[PDB]
Structure formats: structure tokens, C-alpha cells
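What follows is one chain in C-alpha cells, specifically the form deposited in one PDB entry.
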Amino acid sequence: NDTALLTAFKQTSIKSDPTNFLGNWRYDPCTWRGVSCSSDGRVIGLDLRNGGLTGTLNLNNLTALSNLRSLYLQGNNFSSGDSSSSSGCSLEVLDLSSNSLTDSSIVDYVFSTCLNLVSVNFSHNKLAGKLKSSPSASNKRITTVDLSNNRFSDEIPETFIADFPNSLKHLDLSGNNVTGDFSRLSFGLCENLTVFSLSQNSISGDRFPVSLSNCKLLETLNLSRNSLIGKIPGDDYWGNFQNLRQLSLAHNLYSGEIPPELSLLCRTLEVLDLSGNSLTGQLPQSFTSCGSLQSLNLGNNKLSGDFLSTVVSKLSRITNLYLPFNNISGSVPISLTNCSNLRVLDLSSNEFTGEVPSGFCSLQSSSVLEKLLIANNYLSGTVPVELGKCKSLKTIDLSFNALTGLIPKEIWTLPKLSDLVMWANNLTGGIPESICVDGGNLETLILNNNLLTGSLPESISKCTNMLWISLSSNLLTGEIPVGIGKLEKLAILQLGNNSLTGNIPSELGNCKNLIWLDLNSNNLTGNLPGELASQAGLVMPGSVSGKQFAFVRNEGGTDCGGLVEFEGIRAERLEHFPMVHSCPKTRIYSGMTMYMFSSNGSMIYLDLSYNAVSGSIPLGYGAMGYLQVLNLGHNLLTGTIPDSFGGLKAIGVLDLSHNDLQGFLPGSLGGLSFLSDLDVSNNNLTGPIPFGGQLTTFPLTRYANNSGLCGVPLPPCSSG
């Protein structure tokens, strides 16, 4: 009886239904939520997708439904708990993706039974172990199989693919941990295969399997992020794939030149990713016949020459072009403007000389160019004013060049501008007062390590979308505009190493998402505003997440960097940055910006050092639970160290040196288990150094020049 089976599913499996999705399941079964029936009154499809259901799934309880042909359980928190009751199965579509299944015997069962299965999606689970079983030889209908993003591991069986039914069209094995020699894997007849991906595994080999050439109908072949080695197959090999639209051999270990015979795909090829290998030479001239190519990604290779002009410019339909991290010298080719559909151009980290490309914007058509990225090159001159004509621009990155001169107002007035990134040049001038009023409401304004002068506009408050402001190591003066507190998406504010005066505006406490505040090495006076901690426990993560960054940790003392946006820049260029190459010891962390809290966070990085701030430390500062760096050194702070600082559980760096702090070191600091860099020297501190935690573990230099501190590592208090 169907009513009974479904009741048995809700009680054994469902452990929590916080949305009451299954409140309708009471007593015909056909009116129940997610349940659909034939006219006979028999269940033929259960759909409980994205239902907030937590439970332990044993498919055998649901498969007992003799007429169940569709089962949708994707987007819940179903764990695994199979019993292998061989209840029999007539499923034709099954989607269990995005759960917490771990026992891969469910796949064995579904492939053994379920001889009418047409599409199965097991992706985005935690299915572990080896792949062993393929759909039963009696299954003659299966077309799509998605096993991607699980924990499959070890070697793929030599005949795993070939054993699949002839009707197979889609097979996705990406995002696992399977290994093996790719040349040993058989695709069998490969009659219907159109989509195949082994991306993001650990698959090796210097040869493709002969069998792969049998897949005459292949349309997307994705073998990226493995360890394939040798040279890319050439000769007549790519003639076997007359329908291929998307190919990726990216992020393997390929070397040599790009075979000219790869152009045999150019009748159909729409997407090509050969990035992240060790390819040398150029894109061969034969690729001029790639009339349908829309996305060409060749970044992170050793390519060189003039192929951007002699080849790429002759590709009419190209929209996305990435050649960063290569060895391409000369000046940016002008013919690149013959590409009238180019939206994204990434030429960062090459050896380009000359001036910035201006031609794209002054073509017979309104320019479609949205992203221009030419960081870490040798471009010189000034930011061309013609860029104003690229009304579609959303992102400009000219960082780490030798650009000079003012920033034309035609940049600040680009309507769609969002990211203005140009740090590590020699740009002069100031920030116009019409920012984000006549130009785009920016998300990022990153102009650190330039020669900018004047005051930060009070119209910076109009940039409500702002996520990241960096103006460090410029020559800005004036006061921090109190209007910064109107920026509620703002997460990172770096103004260190300028000559800013006035107070630290208390309005910075209204910056709801501020997690990184750096005002070091300015001329700020007044008191530490208590409002800087007012968002503690309320901060939400935001869109600053997911950006390339580097962090240079200086290791030369309190007298001897920091966070930088690092899209398209080689780490070598940072080591050789005159500022970085100075301090003897340097460790470069790098990655993508990521939050450590999903909600209810606090500030993460607070550096107010080398100013003239006076007064006492607001007790509220000690409640920033996610704060990792707190540098208040080299100021004129007075009073005591708040006992509330014992609540800085995440703190790693705590610098209070070179102030006029008095009293005792709070014993609750002994409970800071991650504190690895403390400095309280050059104060008026006295009394016992707390015994617990890491406080006894620091070099003597970090307690020096106080008014009678005692206890290890200093001489004992009982002897004085």
C-alpha cells in the first residue's frame, strides 16, 4: 500500500521538518505535499526538493513504491543509512544531489536495480570509496549520470566508462579524488557521449586512451585540474571530434607548443581553456579559422610573441580573452580593437611595455568592453583619457605598472565603473569631490602606494556600494570624512601611511560591515572612539569575499607590508617591492578573501599605531570576539589595560607598546590561547606578568622599559 510506505518514510527517515513541509502527510496519498499520482491513485513521483529536511535516508523504504518513477530529494540534509533490502525499483529520474550521503552502496543499488533509470544525480554529497559498479548491462535507457563533487577516491576501473549503457550522453565525474593512468581508461563504443568531465581529480598519464577517439559526438570534454603530462595531442587526433564546443586541459602538466592541428576543432569550438600548464610559443596561425570561439583562456603558461595581433585579433566572436601570467613582450597590440565583442581582457603579469590601450573605446561602435586588466606589466605614461569613452567599463586594473600623472576626470565619470584598481604606480593628484556622483557608485577604490595628495572627498559617502578602500602610502592630508559612516557595505578601509589629521571619527562605528580598519602612521589625535566596537557581534559577511589578496608579514620588530589586492600579480613582484625587499625577513601569505563567521562577527584587523591618540582604551574593544590583530602601539594612550581584553579570544597580535599605560596586566590575558605576538614595552606597567597562557612565553624585549613589571621571563617578584 502506497499510503503506508510514505508514512514509513516520514517516520524512519525524517528527523526534523522545521518548515512543516510534510504537515500535509496525514490520514489518499495524492494530495500530500510533493506527492503526485497517476489517475489510478498510485504514487508515481515524490518531490521534496529544497525542503529543509534533515533525516537518515534508506532508499529501500521509498523504492518499495511499485510505481515510483520520479524521486527528487535534492537540497536537504539527508544522511545515509541503507539496509540493502532490495525492495525493487522502477525509478526513471532520481536526484539526491546536495545532501550528506556518504555510503556509496546507494549508487551500487541504483545501478543494480532501477533498470529504467534515465537520469541520476548523486552530485554534491560526501560519497566515499572507490568507483566499482556501472549501470547494469540490462539498463538500456540511462542518459545522464552526475557523480561530481563527492569523495570518490583511488583508481577508476579500466572498464568503468565502457561498461555504461550505449544510451549514455552525460557523465560527470569531476570534483572527486580518483587517480589513474588516463591512457588505461576505456570509453568503449562511445556512441552517444556528448558531455564528459574528469575535472579536479588526480588523474595522470602522458597519453590519451585510444578509445576516447570513438566519441564522435563529444561536445564538451573537461579534463582540467589533474596531472596529465607530456605534449597536447596533435596530428589528426582532434579531427575525431567534429562537434566539440568546449575543451579544457587547464591546470595539468602539459608542455611544448600548442599543436597547430588543434585548429581542427575550429568549426565548432566555442570555449577553450589551456591555462595553468607550461606551454611555450604562441597560439598557432591556423586558429584564425576559429570563427565561433567565444572564450579563450591561455593564462599561466610561458607563451610569447605577437599572436594577440596576428591571430587573436582575427577572431571576430571572441568575448572573453585571458592571457595573464605569460611572457608576452612589446606594447599591447592595437589590432586587439578589431575584436568588437570583447567584454573581458586580461593581460596581467606579462612583459608589456609602452602605454595603456586606448583604442578599444573609440571604435565605430559603442564599446562592449567591461573588464580591462593589465596589472604587473611595464606600462608607462599616464592613464589615457580616451578610456572615458568605454562607457561599459565596470573594472579597471592597471596596478603595478609605471604609470604617472593625474587620473583624468573621464575615468571618475565612467557610468558603470565599479572597481578602480591602480596601486603601486606613481599617480599624482587628488580624489575628485564628484566621486560616485557623476561616475559609477564604486565597489572598490584601491590606489595605495601612489603619490596622491589632498583630502579624501566628503562625497566618498556617496559610494554606498563601497567594499574596499585602500589609499595607503600616498600623500593625503586633511581629516577622515565623517561621511565614511554612511558606507554600510564597507568592509576594508586602509588609509595607513598618509598625513591625515583630526580625530578618528566615531562615525566609523556606523560602518556595519567594517572588519578591517588600518589608519597607522598618520597624524590622528583625539581619543579612541568607543563606537569602533559597537558592531561587535552583529557584523555580517559581504561581497568583499572571494578576491585575490596577499599578506606580507614583516618579521623585523615593532620598528620593521600588510594586506594588498593581488589579482593578476606575481608574488615575485612583491618580494622585490622596495618596501618589502627592505625589511630582512618576509613571509607572503596569499589566497582569496574569506570570512570566518557566517553571522554575528566582529572586526578582524585594527591597526591605529603610530599616531598621537590619547586617553583610555574603551572597555568595549575587549568584546571583539573575532579580532585577530589589535595594534595600538606608538600613541599617547593612558590608563589601564581593560580586564575586558580577556574576551579577545581570537587575538593573535596584540601591540600596546610605546604608550603611557599604567597598572597591571590583566590576568584574563592568560586565557588568550592564540596570542602569539604581544608587545607591552615602553609603558608605565608594573606588577606580576600573568602566569597563564602565552604571557610567560615572550621575549624580554616585549616587557622592557616599564615601571616595575616582574615575574618570568623577568626576575621574580618575590626577590624584589
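Whichever C-alpha set is largest while still superposing within 1.5 Å between the two forms counts as the rigid core. The numbering used is simple: start at 1 and walk along the sequence shown.
Beyond what is shown, the protein has a form deposited in another entry; the following relates to that form.
Only one of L656, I689, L685, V35 has its Cα shifted by 2 Å or more between this form and the one not shown after fitting on the core, and that residue is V35. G45: CA moves 2 Å or more between this form and the one not shown after rigid-core fitting. Core-superposed comparison between this form and the one not shown: CA of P18 displaced by 2 Å or more. The Cα position of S66 differs by 2 Å or more between this form and the one not shown after fitting on the rigid core. Contraction of the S582-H634 CA spacing by 3 Å or more is recorded in the other form, set against this form.
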